[PDB]
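Take a look at the structure below.
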Amino acid sequence: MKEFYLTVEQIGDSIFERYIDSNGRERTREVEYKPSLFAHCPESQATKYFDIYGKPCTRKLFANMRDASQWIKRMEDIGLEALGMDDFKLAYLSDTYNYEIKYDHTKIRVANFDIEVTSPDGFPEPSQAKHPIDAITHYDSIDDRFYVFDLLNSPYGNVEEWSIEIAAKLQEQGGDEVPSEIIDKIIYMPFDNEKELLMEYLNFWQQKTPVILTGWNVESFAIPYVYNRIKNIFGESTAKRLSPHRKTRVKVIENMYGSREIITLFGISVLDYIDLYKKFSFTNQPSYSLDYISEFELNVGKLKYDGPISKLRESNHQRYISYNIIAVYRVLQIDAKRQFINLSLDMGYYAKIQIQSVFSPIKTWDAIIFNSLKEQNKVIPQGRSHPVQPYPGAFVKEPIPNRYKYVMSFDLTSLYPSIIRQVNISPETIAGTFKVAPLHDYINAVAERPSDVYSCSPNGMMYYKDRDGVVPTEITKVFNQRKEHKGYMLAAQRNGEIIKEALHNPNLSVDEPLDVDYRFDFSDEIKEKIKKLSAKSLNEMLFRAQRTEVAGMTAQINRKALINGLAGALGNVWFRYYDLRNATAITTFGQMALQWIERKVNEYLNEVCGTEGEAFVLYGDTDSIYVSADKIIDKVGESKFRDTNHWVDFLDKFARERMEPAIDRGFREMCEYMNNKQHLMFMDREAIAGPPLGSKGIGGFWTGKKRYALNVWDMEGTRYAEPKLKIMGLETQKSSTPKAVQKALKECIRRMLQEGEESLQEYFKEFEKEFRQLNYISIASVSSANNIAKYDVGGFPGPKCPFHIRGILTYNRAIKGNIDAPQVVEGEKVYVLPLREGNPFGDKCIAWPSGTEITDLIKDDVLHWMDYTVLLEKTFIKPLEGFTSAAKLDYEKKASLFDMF
DNA sequence: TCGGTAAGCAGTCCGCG
DNA sequence: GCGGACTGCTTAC
Ligand SMILES: Nc1ncnc2c1ncn2[C@H]1C[C@H](O)[C@@H](COP(=O)(O)OP(=O)(O)OP(=O)(O)O)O1
Ligand SMILES: [Ca+2]
Ligand SMILES: [Ca+2]
Ligand SMILES: [Ca+2]
Ligand SMILES: [Ca+2]
């Protein structure tokens, strides 16, 4: 097999590499890598190295890495560019793996771990590590085993061994319900003392050294806790055994408001799953506790126990250990679903970076572009300092707030990357500038043609047309991968709908789910067999179709994020290829494209409807247009349609056969106007929206920019079994809105779009009447909580104190003295509730850590003083009033002359 | 929250005769 | 009470 790296580090003048050799074996080597860097040299000199602009360079081979670094410094002291890859480990990988990496995940050791630490005096600070570590569960992907290290004797209690038989039993038998599929995979090791536990853990770690290290909050808690605890008990040298090269560094993580510390373990790649989730999941959660995220992703119940966690070990060690094991498994189950580890491996090896560098689009692209240029003996420029400067982004059209009955949307494919490719935007393809006209003049095709030679953007930039830039070349490669996966995702989604249809008529029989590849549209033979399946088989297939869809979503959306990251990196001062001329060339071209095609589509439709000056495009944002289709439907007449699906087909056919060719012609002209290298503005139909045939539903409404709802029947070729609400921006979509409130507002919108005014008034009246019964958590608002210190003045709100921060200060006064009450953590999220006048807490609101029950100390008083009226008005009525006035509806029946009968 | 811009709404503070 | 200037937070792209 072809070799591949596992990890790479620079330690002084040595590269330390762990890798898989040509026999599939894990090895480690130390290499005294001699880096090369580059300087410009005289034009008449025989060299094979040229910078990206074609200026000749001489290569400088250094005796070692420190010499190379020193040289860079002196080149700065002189005032001359020092060219080449200054991150020597990327040059090492480029040299050592000079081919497209083929990796085998089964050889990569992926460790998932979690620790427990009992603490009476509140949160066990990792940087202190003053309390014993009393449980570790470490799952190893190569052995497929959960290794459980259990402390039986502690200063906080001596306990009995954990029982695997009780762990397996149902909770109803007094057991812990550890999933039966992992019971045989547990290797249980009890210890008489913490020192033995930790020494055996290190020995284990040496034998089975993680390559990828993950878990939940491992980087901010488990890793520093374990390192510091071992450090405290044994000394530094023993703690450094967590690094396969015996090298570790305390690293300060700084943000705007302060900083924290993590431990860098050289020769390990830490991918903390909470961070993977935040980067790749495209959710925003009210809470990031493992129990909250598990429930969300997997529909598994919360891990239930009595008393505080600080007393769990002593009161119920059986459950304590079982929950530690289950916690480790829940991360594996989320990863089985989301496949973020697989994603990180793919992107990391593709770029030839340290796997953990997938968190940085700048590092990822720097390495892709460097490898690409290196293939042609080209030399990358030195990174420079730039002051941070604001620059302009997308155009968003101001919509007229209203109901909109029939709507078809269209959207440009991978816009920013497509612009890069079409225009040929790249550091080395800049050809010059032209004199810019107001954007309006380009939009209306009245400005002078920018160039007869070069490819242009309306920001004034011109680019070479003779060859592709490295940026267009490399972005195309990832775009093509993205396109493949989106295909599988969309096929899995269509297949899901076929299964949902068949579930209307499940067969009374005993059978099996079909063995199919959900990434591909079901054949006719498969569809026939489906129509004959039981509900149990069909549901199982649906679960599988939906997993396939999620896997595709992960693969496609994060490749989209990567290429969109390159367009954005051009406007980040830390990027080697930072250039506001290129960042703005992209965004400005996008503005033109949208408004250009708005004009074209209006012109096309005014023509086919025999009108003039009417606005058919009602809205647009960045790269999308929403077209009012009422008139198209009206030209046939509602009367002519058999059912909803009939007009959906008609609109689909109109968009494909009439609108899309018109849109294509408009963009080809624009390409010619701008003299671009390649026409890549492909704007396809996205949504077909409208009320159910014969209903009084309104179909859709806009309240403003980035705020709208539509009742969608077909999305990007997926024909839904049941219509789906596409709601953007509104409160149902915001993590800050209470859960029960999101749900009620969503049902109000459903009724508006699908059923009409009367149905809405029916539901509103009932919600208002019943809401005071709702569980307090479900009606709490949510907010991130920054600068609690800034606004704290002796425990009371300072000037300009934000509402949620006030709540925290209320909470802090109410729990003061209690070392054991849960603390609000700076920068994390809180639940927030308003409080009625004259309450014991002495203020108008209270907040506590999100994803938790508020401590028993005060729960009773909070429940009693909760201001339901304020809660209702703020989170429910006010947004509903916004929706309904926009839609010209009333959520309450207005009096009429009939109310005399 | 270590890892592109546009723009919405909540809330504070204060004006607005 | 509503709006503007401002901060804070959260979305849509
Ligand atoms: N998360 C993001 N980060 C950076 N730029 C973004 C992001 N989302 C959107 N943009 C910018 C770049 C996009 O090309 C453009 C239009 O967005 P959008 O329609 O969501 O995706 P897209 O057009 O790139 O892909 P798709 O093919 O799925 O439509 O807005
Ligand atoms: Ca725990
Ligand atoms: Ca798009
Ligand atoms: Ca059937
Ligand atoms: Ca879009």
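Below, read A as the first sequence line, B as the second, and so on, with proteins coming before strands; counting in each chain starts at 1. Quick note: numbers below take in every heavy atom, side chains included, and nothing from hydrogens, waters or symmetry partners.
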Looking at A:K477 and A:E474, is any side-chain nitrogen of the basic one under 4.0 Å from a carboxylate oxygen of the acidic one?
yes
SB check A:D366 A:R576 (cutoff 4.0 Å):
yes
Sort out for me which residue in A:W865, A:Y868, A:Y831, A:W848 forms a ring-ring contact (aromatic ring centres under 6.0 Å, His included) with A:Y776.
A:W848
What are the two closest heavy atoms between A:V824 and A:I808, and how far apart are they?
CG1-CD1, 3.7 Å
Taking any heavy-atom pair under 4.0 Å as a contact, classify [X]: base, sugar-phosphate, or nothing.
X	answer
A:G704	nothing
A:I262	base
A:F395	nothing
A:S784	base
A:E828	nothing

Under 3.5 Å, which donor-acceptor pairs link side chains of residues 411-423 of chain A to any protein atom two or more places apart or in another chain?
residue: A:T413; atom: OG1; partner: A:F682; partner atom: O; Å: 3.4
residue: A:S418; atom: OG; partner: A:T413; partner atom: O; Å: 3.0
residue: A:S418; atom: OG; partner: A:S414; partner atom: O; Å: 2.8
residue: A:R421; atom: NE; partner: A:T476; partner atom: OG1; Å: 3.0
residue: A:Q422; atom: OE1; partner: A:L680; partner atom: N; Å: 2.7
residue: A:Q422; atom: OE1; partner: A:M681; partner atom: N; Å: 3.3
residue: A:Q422; atom: NE2; partner: A:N676; partner atom: OD1; Å: 3.1

Below the 4.0 Å mark, does [N] have OP1 or OP2 next to a side-chain nitrogen or oxygen of [X]?
X	N	answer
A:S735	C:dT11	yes
A:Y791	C:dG8	yes
A:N284	C:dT10	no
A:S357	B:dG3	no
A:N564	B:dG4	no
A:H804	C:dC9	yes
A:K279	B:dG3	no
A:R707	B:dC9	yes

What I want to check is whether an N or O donor and acceptor connect the side chain of A:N786 with the base of B:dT1 at under 3.5 Å.
yes
No-H, no-angle donor-acceptor pair, A:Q356 side chain to B:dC2 base, under 3.5 Å:
no
Selected nucleotide, minimal atom distance to [X] side chain, candidates [options]:
X	options	value
A:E219	B:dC2, B:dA7, C:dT10	B:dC2
A:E731	B:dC9, C:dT11, B:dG3	B:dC9
A:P361	C:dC9, C:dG8, B:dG3	B:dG3
A:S360	C:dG8, B:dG3, C:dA12	B:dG3
A:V396	B:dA7, B:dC2, B:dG8	B:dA7
A:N255	B:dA6, B:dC2, C:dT10	B:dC2

Find the bend of the helix from B:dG4-C:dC13 to B:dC16-C:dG1 as the angle between its two terminal axes (five pairs each), to the nearest 10°.
30°
What residues form a ring-ring contact (aromatic ring centres under 6.0 Å, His included) with A:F883, not counting sequence neighbours?
A:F701
Filter on salt bridge (charged side-chain N to carboxylate O under 4.0 Å, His left out), then keep only pairs touching residues 786-810 of chain A, sequence neighbours left out; what's left?
A:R806-A:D843
Flag for [Y]-[X]: side-chain donor and acceptor within less than 3.5 Å:
X	Y	answer
A:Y404	A:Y619	no
A:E261	A:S127	no
A:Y277	A:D272	no

Under 4.0 Å protein heavy-atom contacts per nucleotide of nucleotides 11-16 of chain B, with B for base, S for backbone only and - for none:
SSS---
Enumerate donor-acceptor pairs with a distance under 3.5 Å from any side-chain N or O in residues 393-403 of chain A to protein atoms, sequence neighbours excluded.
residue: A:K397; atom: NZ; partner: A:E598; partner atom: OE2; Å: 3.1
residue: A:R403; atom: NE; partner: A:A887; partner atom: O; Å: 2.9
residue: A:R403; atom: NH2; partner: A:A887; partner atom: O; Å: 3.0
residue: A:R403; atom: NH2; partner: A:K888; partner atom: O; Å: 2.9

Check the distance between B:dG4's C1' and A:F589's CZ and give it to me in whole angstrom.
18 Å
Between C:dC9 and B:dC2, how far apart are the P atoms? Round to whole Å, please.
15 Å
Outcome for B:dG11 when its sugar is typed by the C1'-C2'-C3'-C4' torsion
south
